[PDB]
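Undergrad: can you look at this? It's an experimental structure, sequence on top.
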Amino acid sequence: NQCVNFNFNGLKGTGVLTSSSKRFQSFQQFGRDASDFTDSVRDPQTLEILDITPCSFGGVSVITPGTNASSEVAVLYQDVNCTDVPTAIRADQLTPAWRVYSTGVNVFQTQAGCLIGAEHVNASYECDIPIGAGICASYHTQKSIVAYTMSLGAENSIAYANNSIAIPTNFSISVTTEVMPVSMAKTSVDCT
Amino acid sequence: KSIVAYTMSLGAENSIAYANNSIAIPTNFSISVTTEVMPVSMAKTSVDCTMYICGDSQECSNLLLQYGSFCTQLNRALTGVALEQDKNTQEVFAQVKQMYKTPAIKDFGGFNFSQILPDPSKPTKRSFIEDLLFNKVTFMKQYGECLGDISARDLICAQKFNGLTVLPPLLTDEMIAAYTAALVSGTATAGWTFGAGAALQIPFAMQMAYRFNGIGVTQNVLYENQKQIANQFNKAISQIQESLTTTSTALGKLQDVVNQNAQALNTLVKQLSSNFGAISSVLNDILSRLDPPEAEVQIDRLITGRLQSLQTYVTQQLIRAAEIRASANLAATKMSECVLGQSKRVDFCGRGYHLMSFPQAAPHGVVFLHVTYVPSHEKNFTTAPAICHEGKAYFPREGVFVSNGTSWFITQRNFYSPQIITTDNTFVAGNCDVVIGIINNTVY
Amino acid sequence: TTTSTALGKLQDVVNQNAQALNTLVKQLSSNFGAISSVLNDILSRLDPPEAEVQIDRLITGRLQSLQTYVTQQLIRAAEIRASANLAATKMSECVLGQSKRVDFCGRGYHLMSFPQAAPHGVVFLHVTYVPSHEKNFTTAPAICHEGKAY
Amino acid sequence: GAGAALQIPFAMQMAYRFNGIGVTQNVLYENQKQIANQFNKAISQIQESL
Amino acid sequence: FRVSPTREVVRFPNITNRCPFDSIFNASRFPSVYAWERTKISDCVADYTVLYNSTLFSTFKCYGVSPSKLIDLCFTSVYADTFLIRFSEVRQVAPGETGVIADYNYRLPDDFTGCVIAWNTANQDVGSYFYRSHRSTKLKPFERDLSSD
Ligand SMILES: *[C@@H]1O[C@H](CO)[C@@H](O[C@@H]2O[C@H](CO)[C@@H](O)[C@H](O)[C@H]2NC(C)=O)[C@H](O)[C@H]1NC(C)=O
Ligand SMILES: *[C@@H]1O[C@H](CO)[C@@H](O[C@@H]2O[C@H](CO)[C@@H](O)[C@H](O)[C@H]2NC(C)=O)[C@H](O)[C@H]1NC(C)=O
Ligand SMILES: *[C@@H]1O[C@H](CO)[C@@H](O[C@@H]2O[C@H](CO)[C@@H](O)[C@H](O)[C@H]2NC(C)=O)[C@H](O)[C@H]1NC(C)=O
Ligand SMILES: *[C@@H]1O[C@H](CO)[C@@H](O[C@@H]2O[C@H](CO)[C@@H](O)[C@H](O)[C@H]2NC(C)=O)[C@H](O)[C@H]1NC(C)=O
Ligand SMILES: *[C@@H]1O[C@H](CO)[C@@H](O[C@@H]2O[C@H](CO)[C@@H](O)[C@H](O)[C@H]2NC(C)=O)[C@H](O)[C@H]1NC(C)=O
Ligand SMILES: *[C@@H]1O[C@H](CO)[C@@H](O[C@@H]2O[C@H](CO)[C@@H](O)[C@H](O)[C@H]2NC(C)=O)[C@H](O)[C@H]1NC(C)=O
Ligand SMILES: *[C@@H]1O[C@H](CO)[C@@H](O[C@@H]2O[C@H](CO)[C@@H](O)[C@H](O)[C@H]2NC(C)=O)[C@H](O)[C@H]1NC(C)=O
Ligand SMILES: *[C@@H]1O[C@H](CO)[C@@H](O)[C@H](O)[C@H]1NC(C)=O
Ligand SMILES: *[C@@H]1O[C@H](CO)[C@@H](O)[C@H](O)[C@H]1NC(C)=O
Ligand SMILES: *[C@@H]1O[C@H](CO)[C@@H](O)[C@H](O)[C@H]1NC(C)=O
Ligand SMILES: *[C@@H]1O[C@H](CO)[C@@H](O)[C@H](O)[C@H]1NC(C)=O
Ligand SMILES: *[C@@H]1O[C@H](CO)[C@@H](O)[C@H](O)[C@H]1NC(C)=O
Ligand SMILES: *[C@@H]1O[C@H](CO)[C@@H](O)[C@H](O)[C@H]1NC(C)=O
Ligand SMILES: *[C@@H]1O[C@H](CO)[C@@H](O)[C@H](O)[C@H]1NC(C)=O
């Protein structure tokens, strides 16, 4: 359960766990993977097979409102469940500053992963910082990170009848802009 | 059976009977509904450099520090692609910002809209056609499931044990279904007015009369044949949801996009089994048998070449994203022009004379249902360019002069309906002698 | 004058034209598997038969950086050309005439457009007709007077 | 292009095409000979330009 | 950037008896180069430190593996070849060489993995020894002629 460099006649530094009922022909120690990798090493004097897993697995993301506004952040751990974060990122071997982003009260579970550092808000707003799966975050009011759910638009209803029509009685003239790029810079390169 | 070779056939052979006083005018029509599948977005991928190259190796990680501009460059190149996929969906589906409520009654003057609108009884919030479309196209695996299953080594776990991952889209399928339902309800209860301002209601028979008037057919034809037109539309909405149950090749483009999103990450995983001129493709074998001054030389040969594989993957992803963006732009133009209005461009919204269109949500794409007008039964007639009565030529205002053999009438071009030639139907321009092919008749 | 974000696309084009030449300059300080990234340090301490195999390791890799820059430049020009084609079509159809295409020249019913010059781009001013104040009415599809429908 | 082919004597078709651009169809029937000569001349002097 | 290993785990088999080095390096006599002998080595614990205060090697060159890494390695198919040549012919015992030894008496394969050890043994071998001077063709790697007249 720790990041360890192992030496079963070969050097590699990973996390070692207990393997399941793996098939071994009583002749091999590691075997071979599809990407020419050696996985699930065998203890050389016993028959017990172990597990080789990278102890830095998956990607993490950091949500910030800008350094000139604040210095607090939120961490999104993709494709893991909440209350499995400290096992996934090996929180016992990290600094105490890193340990406060592995648990607590501001824990929210989305379809993009567990998000820690923002308390959930039941209101709906427009998207400020997109996170994924319909979840956006912002910096709202003393301020904090809100991590709400996005709103598609205003709700309306049309009164339909089989003898009814709406006809405008006035109008207005509107002028709007549209910006389109045309050309870019002309660069030249001398090889020598 | 055997393998045969032959010359391909271009098409059916046909010939048109041309005469200088002859015209063909249809006497009947039909309503046809056709599909069109356009891709919108692809999968968003992210790559970790050190995890792919020399994950869990401090020696190569220290050696992978002269480089790093390349890795941040390719990371920002891949990040630019992933931001465009959400913009494509936003530009295609989020055209209007008024979530119109689904009407309680799905019948509008005999036209049945039940199959393209959500029903409150079913638990899912999408139409029957969308439910059929979502099953024609075939990841989010977690740690613990990957470790718990090594007896079956799937490709997704091998990708995630390197630095390759797939990010979820911003908009879920429920939001896309809500957007399509709002668009369908708006185009069913207000027609075309909500695309250029506030929605104005119309009883959908007068709207269909206006749409018939838009293609050159007078509006009394629809009011005379409303029951037959509604029956044809209901029959054409049917026998296309049963074509999505038996036939399993209509969604080929989205399946091709999905299959090309895969098997490029798989080749990136399998490209790690290459020496690139080194003694081994495994870093542990090099590090366990060579001293560091000699091991650095062999590690650099793997680094230069794993970087090459990553660069090749990024370049191909950019090239694919360009054509995905082009398809998304075409889909957005089609949604703005075929759904929010009536188009006069030939073969832009289906084949025939365009009446209206409906969008349906598909995985990584959109499906349009184009409703068109097709003339069916033509007949031979004798025509004349002009009629002169008292030394003055008369020309039709809208339509052509036809003769059934004895008398002369004036009818519209796209539907046979003869009327009496009066002075309201014609206008006077000149004399008899300046028109080639003029005939003698009387104007009431 | 107050809003400073309406021209973000041209500024993005300018910022992407930059910072790609800057990364090409900063990539010169890379060893590419050699003893040094400076050619003078290699040439001042090694004999030519040895130093050739170290100069080659820099040449292969500086060529790689140049090839990568050329490829990204071609890919960016591919979409700049499409944007320019759309701008030319909009100039031909929204300025020199009146278009019936929905939402091609602004939102609403198009009246006319005016072009304005911008750095590395063009700005269109679309004039449109917007109906504002609707009212309820009772309608009928047709009226018949003496047994004949109107 | 939108169904089965329907024949037309190509003078009424040209009159319809003239009506499509905002010119009344009697102009075509008044100047048919001049228009046909102009079209034949324009079909000429473009093959010799090739 | 947040996690790093801190301690090392090593697991090795149960072999415990030392490997016979004085039986090979300090044998009573050595064969001629044209009649070289091969000996198998198995179930050993190979530590080269025990020869430090008794031997002196003029040549120690290893191929496919680096020295000072043999302490932490486990081998499977260990074989030993012993013969006796002149002092100037040691340079011919290498992959891809030429000479009277490299093609007519003893030839190494191109993909050779192992080490070559030599040391001078004057005042120990006094007898007459033989070698192949010429042949109709060249020997294949790890092959022996073993014939006369
Ligand atoms: C349509 O709206 C315009 C304003 O947009 C109305 O014009 C105003 O008319 C009032 C008197 O009714 C004047 O006091 C205002 O000065 C006018 N405003 C402007 C900007 O000219 C116009 O009357 C409305 N039309 C109808 C038919 O209601
Ligand atoms: C209109 O009349 C033309 C002839 O004036 C018809 O064309 C003929 O069709 C028959 C079908 O059996 C062929 O055998 C002839 O060879 C055709 N004649 C020519 C000159 O091509 C045409 O079918 C008629 N159209 C309709 C709709 O009845
Ligand atoms: C166009 O053709 C259709 C199909 O043949 C005609 O509809 C038929 O009308 C008859 C009476 O004339 C009914 O008995 C049939 O049941 C109808 N068929 C169907 C499938 O509904 C239609 O009348 C024709 N239209 C015109 C204007 O002539
Ligand atoms: C629109 O079509 C649907 C689908 O055919 C009709 O719904 C069916 O109606 C029949 C007759 O009442 C029922 O037996 C089926 O169970 C219904 N199916 C579903 C899926 O709801 C619907 O009635 C039609 N709408 C009309 C005629 O207004
Ligand atoms: C036309 O009439 C409809 C139906 O009465 C109006 O819609 C109503 O609007 C009021 C506004 O306070 C709502 O409280 C009702 O619930 C609506 N009724 C329905 C059935 O939706 C509509 O506002 C009228 N339009 C105009 C322009 O006056
Ligand atoms: C080289 O070192 C070895 C290891 O210490 C010596 O071998 C030991 O010698 C002592 C006497 O000095 C004996 O009592 C031990 O039994 C020997 N041990 C073993 C394991 O053999 C050896 O004598 C040294 N050789 C020289 C020439 O000094
Ligand atoms: C192995 O033995 C064969 C004979 O069994 C040798 O072949 C002889 O090669 C010489 C080369 O000059 C020829 O003169 C002989 O005629 C060959 N003999 C036969 C019977 O063909 C062969 O050279 C030997 N050595 C190797 C390395 O293959
Ligand atoms: C994560 O939690 C869900 C329920 O929310 C469960 O179905 C799933 O198996 C869990 N995944 C694990 C433990 O890897
Ligand atoms: C917020 O929504 C959740 C989920 O429906 C609900 O349990 C909770 O009571 C809500 N809180 C407030 C303050 O409305
Ligand atoms: C043509 O139509 C008129 C008016 O209905 C009719 O009297 C006449 O018999 C028709 N002629 C033929 C040949 O059908
Ligand atoms: C049509 O062609 C016939 C010969 O086929 C000719 O007699 C007649 O004058 C022509 N009519 C017109 C209007 O060109
Ligand atoms: C039409 O009527 C005029 C005037 O009576 C006559 O000169 C001419 O010949 C007639 N044309 C035909 C085709 O009958
Ligand atoms: C031999 O292997 C066994 C395996 O159970 C182990 O317990 C024991 O310690 C080993 N003996 C030695 C001397 O290493
Ligand atoms: C090795 O052999 C020599 C003679 O070559 C002999 O004197 C000596 O005792 C042997 N043993 C050792 C341990 O040196």
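TA: Yep, it's here. Numbering: from 1, shown residues only, chains lettered A, B, ... in the order given. Ligands and ions are numbered 1, 2, ... in the order given.

Undergrad: alpha carbons only for contacts and neighbour counts from here, please
TA: Noted.

Undergrad: residues in contact with residue 53?
TA: Went with chain A since none was named. Residues in contact with residue A:53 (Cα atoms under 8 Å, 6 or more residues apart in numbering or on different chains) are A:14, A:15, A:16, A:17, B:147.

Undergrad: sorry, should have said chain B
TA: B:303, B:306, B:307.

Undergrad: so which of these is the most crowded?
TA: residue B:306 (21 neighbours; other Cα atoms under 10 Å in any protein chain shown).

Undergrad: okay, and it sits in which element?
TA: According to DSSP states H and E, residue B:306 maps onto helix B:292-334.

Undergrad: can you tell if that helix touches chain A?
TA: No - on the criterion Cα under 8 Å from any Cα of the partner chain, helix B:292-334 is out of touch with chain A, staying 12.6 Å away.

Undergrad: now for the helix or strand just after that helix, which elements pack on it?
TA: The helix or strand immediately downstream of helix B:292-334 is strand B:353-362, counting by DSSP H and E. Applying 3 or more Cα pairs under 8 Å, 6 or more residues apart in numbering or on different chains; DSSP states H and E, we find strand B:353-362 packed against helix B:128-133, helix B:173-189, strand B:365-375.

Undergrad: nearest to ligand 8, of those?
TA: For the helices and strands packed on strand B:353-362, the distance to ligand 8 is smallest for helix B:173-189, at 19.5 Å, taking Cα to the nearest ligand atom.

Undergrad: tell me how far the ends of stretch B:335-355 are from each other?
TA: Length of stretch B:335-355, first residue to last, Cα to Cα, to the nearest Å: 14 Å.

Undergrad: residues making contact with it?
TA: B:34-35, B:92, B:95, B:187, B:191-192, B:194-195, B:211-212, B:215, B:334, B:356-359, B:370-374, C:101-103, D:1-3.

Undergrad: give me the buried subset of those.
TA: Neighbour-count burial (16 or more other Cα atoms under 10 Å in any protein chain shown) applied to those gives B:34-35, B:92, B:187, B:191-192, B:194-195, B:211-212, B:215, B:334, B:356-359, B:370-374, C:101-103.

Undergrad: before we move on, back to that, just the angle between the helix holding residue B:306 and strand B:353-362, please?
TA: 140 degrees (axes from the mean of the first three to the mean of the last three Cα atoms, to 10 degrees).

Undergrad: which helices and strands does helix B:292-334 pack with?
TA: Looks like helix B:292-334 contacts strand B:29-39, helix B:49-54, helix B:69-93, helix B:265-270, helix B:283-289, helix C:48-90 (3+ Cα pairs under 8 Å, 6+ apart).

Undergrad: quick check, central residue of chain E?
TA: Nearest residue to the geometric centre of chain E (Cα atoms, centre = their mean): residue E:116, 4.5 Å.

Undergrad: make sure that residue is indeed in a helix.
TA: No - read with DSSP: H, G, I helix; E, B strand; the rest coil, residue E:116 is strand and lies in no helix.

Undergrad: nearest residue to residue B:290 other than its sequence neighbours?
TA: Spatially, and ignoring its direct neighbours in sequence, residue B:290 is nearest to residue E:66 (5.1 Å; Cα to Cα, 6 or more residues apart in numbering or on different chains).

Undergrad: which ones are touching residue E:66?
TA: The contact partners of residue E:66, by Cα under 8 Å, 6+ apart, come to B:289, B:290, B:291.

Undergrad: any chance of these in JSON lines, plus distance to ligand 8?
TA: Converted to JSON lines, these look like this (distance: Cα to the nearest ligand atom, whole Å):
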{"residue": "B:289", "distance to ligand 8": "38"}
{"residue": "B:290", "distance to ligand 8": "40"}
{"residue": "B:291", "distance to ligand 8": "41"}
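
Undergrad: wait, the residue nearest to the centre of chain E sits on residue E:64?
TA: No - with contact defined as Cα atoms under 8 Å, residue E:116 does not count as touching residue E:64 (11.9 Å).

Undergrad: contacting residues around the residue nearest to the centre of chain E?
TA: By Cα under 8 Å, 6+ apart, the residues touching residue E:116 are E:59, E:60, E:61, E:62, E:93.

Undergrad: ok, which of these also contact ligand 10?
TA: The subset of the contacts of residue E:116 lying close to ligand 10, counting by Cα under 6 Å from any ligand atom, is empty.

Undergrad: could you report the neighbour count for residue 31?
TA: In the absence of a named chain, chain A is used. Residue A:31 has 14 neighbouring residues, counting by other Cα under 10 Å.

Undergrad: meant chain E, my bad for not saying
TA: With other Cα under 10 Å as criterion, residue E:31 counts 14.

Undergrad: which one is residue B:190 nearest to, not counting chain neighbours?
TA: Nearest residue to residue B:190, sequence neighbours excluded (Cα to Cα, 6+ apart): residue B:201, at 4.4 Å.

Undergrad: just checking, the one you found touches residue A:165?
TA: Yes - at 5.4 Å, residue B:201 counts as touching residue A:165 under the criterion of Cα under 8 Å.

Undergrad: where along chain A do the helices fall?
TA: Per DSSP state H, chain A carries helices over the ranges A:85-88, A:96-99.

Undergrad: give me the residues contacting the last one.
TA: Put plainly, it is helix A:96-99. By Cα under 8 Å, 6+ apart, the surrounding residues in contact with helix A:96-99 are A:91, A:92.

Undergrad: any idea how far the residue nearest to the centre of chain E is from residue A:163?
TA: Distance from residue E:116 to residue A:163, by Cα to Cα: 105 Å.

Undergrad: spatially central residue in chain A, please.
TA: residue A:78 (3.5 Å).

Undergrad: right, and that residue touches residue A:62 too?
TA: No - taking Cα under 8 Å as the definition, residue A:78 is not a contact partner of residue A:62, at 11.3 Å.

Undergrad: list the contacts of residue B:199.
TA: Residues counted as contacts of residue B:199 (Cα under 8 Å, 6+ apart) are A:158, B:186, B:190, B:193.

Undergrad: how far away is the last one from ligand 10?
TA: It refers to residue B:193. From residue B:193 across to ligand 10, the span is 42 Å (Cα to the nearest ligand atom, to the nearest Å).

Undergrad: how close does that residue sit to residue E:73?
TA: Distance, residue B:193 to residue E:73, using Cα to Cα: 81 Å.

Undergrad: quick one, phi/psi of residue B:244?
TA: Here the main-chain torsion angles of residue B:244 (degrees, to the nearest 10) amount to phi -90, psi 0.

Undergrad: I figured it hits residue B:131, correct?
TA: No - contact between residue B:244 and residue B:131 fails when scored by Cα under 8 Å: they sit 10.3 Å apart.

Undergrad: excluding its backbone neighbours, what's nearest residue A:140?
TA: residue A:146 is the one closest to residue A:140 (Cα to Cα, 6+ apart), at 6.5 Å.

Undergrad: correction: residue B:258
TA: That would be residue B:42: by Cα to Cα, 6+ apart, it lies 7.5 Å from residue B:258.

Undergrad: from residue A:67, how far out is that neighbour?
TA: Taking Cα to Cα, one finds residue B:42 at 33 Å from residue A:67.

Undergrad: now swap in residue B:44 and tell me
TA: Distance from residue B:44 to residue A:67, by Cα to Cα: 28 Å.

Undergrad: contacting residues for residue 38?
TA: Unless you meant another one, I'm taking chain A. Each residue near residue A:38 by Cα under 8 Å, 6+ apart is listed here: A:30, A:31, A:32.

Undergrad: wrong chain, I was asking about chain E
TA: The contact partners of residue E:38, taken as Cα under 8 Å, 6+ apart, are E:79, E:80, E:81, E:82.

Undergrad: switch to 6 Å and redo it
TA: By Cα atoms under 6 Å, 6 or more residues apart in numbering or on different chains, residue E:38 lies in contact with E:80, E:81.

Undergrad: after the strand or helix carrying it comes which helix or strand?
TA: Taking DSSP H and E as the definition, residue E:38 sits inside strand E:37-41. Using DSSP H and E, the helix or strand that follows strand E:37-41 in sequence is strand E:59-63.
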